[PDB]
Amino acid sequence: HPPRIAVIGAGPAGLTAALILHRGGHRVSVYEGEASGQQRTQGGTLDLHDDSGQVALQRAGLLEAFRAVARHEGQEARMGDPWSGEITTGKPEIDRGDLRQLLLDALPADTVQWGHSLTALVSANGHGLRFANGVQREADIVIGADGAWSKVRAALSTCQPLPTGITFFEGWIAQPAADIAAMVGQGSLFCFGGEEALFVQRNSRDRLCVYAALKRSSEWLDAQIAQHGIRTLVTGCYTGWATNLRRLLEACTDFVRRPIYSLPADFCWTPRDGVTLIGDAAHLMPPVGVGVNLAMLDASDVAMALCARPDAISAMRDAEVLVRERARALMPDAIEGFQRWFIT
């Protein structure tokens, strides 16, 4: 019988896998924890690399669609001196929500099962899935594309992501003043102040995404935030910075706390027939510019294998080796490199 394929997660990995499987004539459902009204809130910017994200879109028949919608407007990465506030200068881009929309727009209406938050995977008739809403399903193939805190990973491993000692505080400037819009430009502004850093990107709707990155223990942040709240704590950490960069920070309405976790480079799970992990589920690592690109490439490796080969279990097993070998080669530099951003 043609296999019942369950994808857990409607991120870039899960949607990329579902689209390649659908186009290969496979029966695929994606189970997404979030309700449909959740895309269109995410608008951070990213670029798809010619050897990963763009390969995945080509495999899914969407490379030209991506090229039609991408910005090719020569977005430059700028550097800011935290103390002088001086800015210097030294790749097809798409907002995160527009990437997810592109994949959703290419899929049949029924593909994604919204409000299906996986709570258990129970293996051998194949694999049982239980959802927080009480729904039960049975699948022959389960692709874990369920992100940093993958429930599918929790079925295969007791190993958890570890804190990096860095937390990003994410803010938005919906209508930047002329001065801060001109300072950031059309692209990115990166400011490394040691244990404080500031990462700003303009998205396709001329909104600024702000990451206030703090090297602080979770315990210290808990105490300070409990007392002062997020906004006061975040702004308080940059009082030694140039006035121009502090104004950029103070223009943010709210901040969300985004602890930066990573799986360890030595991460392993015992392979299980008919179950695998892709993207952040398989190899969550600090945000050094690989995550969406790897997620989509992983999805395309696994989905192509399931389309090309009649032995589904063996196809998945071979694709998993490639996913894991590729990620293990990148994770040490990602983990150590990220730490070196915050050295003093």
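So that there is no doubt, residue numbering starts at 1 and follows the sequence shown.
- Per the record, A124 and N125 are separated by a gap of 1 to 3 residues from the deposited sequence that were not modelled.
- Counting the deposited residues that fall between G90 and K91 and carry no coordinates gives a value of 4 to 9.
- For the two regions 175-183 and 208-216, the entry's Cα B-factors average higher over 175-183.
- Set 291-299 against 309-317 and average the Cα temperature factors; 309-317 ends up higher.
- In the deposited coordinates, the residue among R257, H116, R137, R153 with the greatest CA B-factor is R137.
- Ranking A226, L104, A197, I143 by the C-alpha B-factor listed in the PDB entry places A226 at the top.
- Per the PDB record, residue ranking by Cα B-factor puts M304 in the middle third of the chain.
- Among the modelled residues of its chain, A35 has a C-alpha B-factor that falls in the highest third, as given in the PDB entry.
- The entry lists a Cα temperature factor for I343 that places it in the highest third of the chain's modelled residues.
- Among the modelled residues of its chain, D51 has a C-alpha B-factor that falls in the middle third according to the deposited record.
- In the PDB entry, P271 places in the middle third of its chain by CA B-factor.
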